[PDB]
Amino acid sequence: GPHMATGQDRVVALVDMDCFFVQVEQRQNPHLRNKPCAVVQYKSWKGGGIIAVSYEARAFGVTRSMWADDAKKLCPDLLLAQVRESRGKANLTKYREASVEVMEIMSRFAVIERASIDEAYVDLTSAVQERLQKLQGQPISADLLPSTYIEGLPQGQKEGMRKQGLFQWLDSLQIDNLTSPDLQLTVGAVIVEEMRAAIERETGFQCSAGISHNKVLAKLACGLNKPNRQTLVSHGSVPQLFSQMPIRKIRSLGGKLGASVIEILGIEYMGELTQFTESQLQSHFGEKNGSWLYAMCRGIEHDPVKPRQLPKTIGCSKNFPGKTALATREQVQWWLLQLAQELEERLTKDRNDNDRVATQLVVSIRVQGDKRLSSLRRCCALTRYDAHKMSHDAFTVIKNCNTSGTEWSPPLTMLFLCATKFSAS
DNA sequence: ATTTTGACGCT
Ligand SMILES: Nc1nc2c(ncn2[C@H]2C[C@H](O)[C@@H](COP(=O)(O)NP(=O)(O)OP(=O)(O)O)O2)c(=O)[nH]1
Ligand SMILES: [Mg+2]
Ligand SMILES: [Mg+2]
């Protein structure tokens, strides 16, 4: 009743760039704009592995994790942009810099949590309050929401349906009550329209966004109407939306835990979770997951928007599959040095930009025939931004995996260096 | 022989 808090305190947005790496290449190369295109890594093996796909190319069935030659079977006019290669490995600098452009714009509006190279959460609660105070009871015009969908509306062509649903929502709005959750979301969506306009104006990149009361709902909402649209998911829309939402569609439930929720409880959709008690869910999935599931299937989640715009770790990774696996000492040293050189470059620039220094070097490896993605992860001190020292320490720290009596055995199918434990400088 | 990352939980 009155004391059942409903998780309507906050206004949170998730902004995510549409086919991000492809848009970065399309800005740089106009010939790629408004075409089926994809971004790949490498080119010798099956034309390279696809990691980003324009929506034109998606209409042919091209997806991420597809080989480019297979994709070309689906889309013979597919255009391909290749990730930069440096020191014999993929170099993602162009996209990290494009990302920093986007993040710095979003930061002007509110405090953001960088959730990936192409997406950030925004806590808009304060900003919505300020804007409601500025409006002074003025109602919200549909002109202020040109790309906004209201999930679950209309009830009772695409743009036509969007405008119908928006009209229904705006007519139902109690603009006088500065404290109504639904009004707060609506004003949040006005600000998110402004944010996405600024992002497009100042970068050329288009994006989508979700507006709701928490991070999970904002993220789920963002995907409902991609590309180049934003979606308002209200508290009241949760029962219908969740009544047919596969559990795996909710962030963090797409893997083993989601599968066990399905198998143990004997359910399919998010909504069905509501029929279990908190204690029941805690019994099956632990106290934390259980509490979180009990509130999440009612649309409630409390995870804060962390004020963090920059990555907490800086890492360099390369796989060496099958017959390219590193089998000699010279090879492991040369590739550890290549990794350490790219890492050093990134870390020096990080220090100059962000006034901080990493203090811990993590070295991770895979050995051939190991089932696990990571076979060993060991850490050492990172005291100098010197690639030669970093590669020597990584070797010093992993060399006791070589069972050879000049050789390396088992051959290494992955090297991974990661700087962590940052400290102000 | 999708690859290259990065956050975060568990013990
Ligand atoms: N190297 C690498 N980069 C990746 C991988 N997966 C994604 N990226 C890169 C490429 C992606 O562009 C970017 C952000 O990933 P999304 O937001 O999940 N997909 P996108 O923005 O392309 O399309 P939309 O969001 O409109 O559905 O991260 C990967 O496995 N490896
Ligand atoms: Mg994206
Ligand atoms: Mg994303």
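Here is how names work: the chains are called A, B, and so on, in the same order as the sequence lines, proteins then strands, and each is numbered from 1. Only heavy atoms go into these numbers, but all of them, side chains included; no hydrogens, no water, no symmetry mates.
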ask   = Is A:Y42 near enough to B:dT4 that one of its side-chain N or O atoms lies under 4.0 angstrom from OP1 or OP2?
value = yes
ask   = How long is the line joining NZ of A:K94 and P of B:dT4, in whole Å?
value = 17 Å
request  = Return the value, rounded to whole Å, for the distance between atom CD1 of A:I314 and atom P of B:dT4.
outcome  = 18 Å
message = So A:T324, base contact, sugar-phosphate only, or nothing? Heavy-atom distance under 4.0 Å.
response = base
ask   = Is there a salt bridge (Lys or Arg N to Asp or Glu O under 4.0 Å) between A:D70 and A:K73 once you walk through the steps?
value = CA-CA 5 Å; A:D70 301 332; A:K73 305 175 189 163; 3.0 Å; yes
request  = For A:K318 and A:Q338, test the side chains for any donor-to-acceptor distance below 3.5 angstrom and give the result as yes or no.
outcome  = no
note = Closest to the side chain of A:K89, out of B:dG6, B:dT4, B:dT3, is B:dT4
remark   = Separation of B:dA7 atom P from A:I112 atom CD1, nearest Å, is 14 Å
request  = Measure the acute angle between the ring planes of A:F395 and A:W408, then classify it against the limits of 30° and 60° as parallel, tilted or perpendicular.
outcome  = tilted
request  = Please determine, for the side chain of A:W45, which listed nucleotide (B:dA1, B:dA7, B:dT3) has the closest atom?
outcome  = B:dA1
task = Mind checking A:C418 for me? I need base, sugar-phosphate or nothing, with any heavy atom below 4.0 Å counting as a touch.
result = nothing
ask   = If you check the A:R346 side chain, which of B:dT3, B:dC8, B:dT5 turns out closest?
value = B:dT5
message = At less than 4.0 Å, is any side-chain N or O atom of A:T313 found next to OP1 or OP2 of B:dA7? Yes or no.
response = yes
request  = Would you check if there is a donor-acceptor pair between the side chains of A:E193 and A:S147 at a distance under 3.5 Å?
outcome  = yes
message = Both A:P321 and A:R114 contact DNA chain B. Taking the nearest nucleotide for each, which residue is further toward the 5' end?
response = A:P321
ask   = Of all the nucleotides listed (B:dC8, B:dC10, B:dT3), which has the minimum atom distance to the side chain of A:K288?
value = B:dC10
Integer-rounded Å distance: B:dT3 P and A:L339 CG = 15 Å
task = Describe the nucleic acid contact of A:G322 in one word from base, sugar-phosphate, nothing, applying a heavy-atom distance below 4.0 Å.
result = nothing
key: Polar side chain donor-acceptor pair, A:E345 to A:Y385, under 3.5 angstrom   = no
key: Rounded interatomic separation in angstrom, taking CZ from A:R84 and P from B:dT3   = 22 Å
query = For the pair made of CD in A:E342 and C1' in B:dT4, what is the distance, rounded to whole Å?
reply = 10 Å
task = Tell me what A:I117 touches on the nucleic acid: a base, only sugar-phosphate, or nothing, going by heavy atoms under 4.0 Å.
result = nothing
key: Of the listed nucleotides B:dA1, B:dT4, B:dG6, the one nearest the side chain of A:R96   = B:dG6
note = Heavy-atom nearest nucleotide on DNA chain B taken for A:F320 and for A:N289; more 5' hit belongs to A:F320
message = Within the 3.5 Å criterion, strictly below it, is a donor on A:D182 or A:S180 matched to an acceptor on the partner's side chain?
response = no
note = Taken to the nearest whole Å, CH2/A:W292 to P/B:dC10 is 13 Å
task = Give the nucleotide from the list B:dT5, B:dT4, B:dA1 with an atom nearest to the side chain of A:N319.
result = B:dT4
key: Out of B:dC8, B:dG9, B:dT4, whichever nucleotide has its closest atom nearest the side chain of A:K318   = B:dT4
ask   = For A:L417 and B:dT4, what is the distance between atoms CG and P respectively, to the nearest whole Å?
value = 13 Å
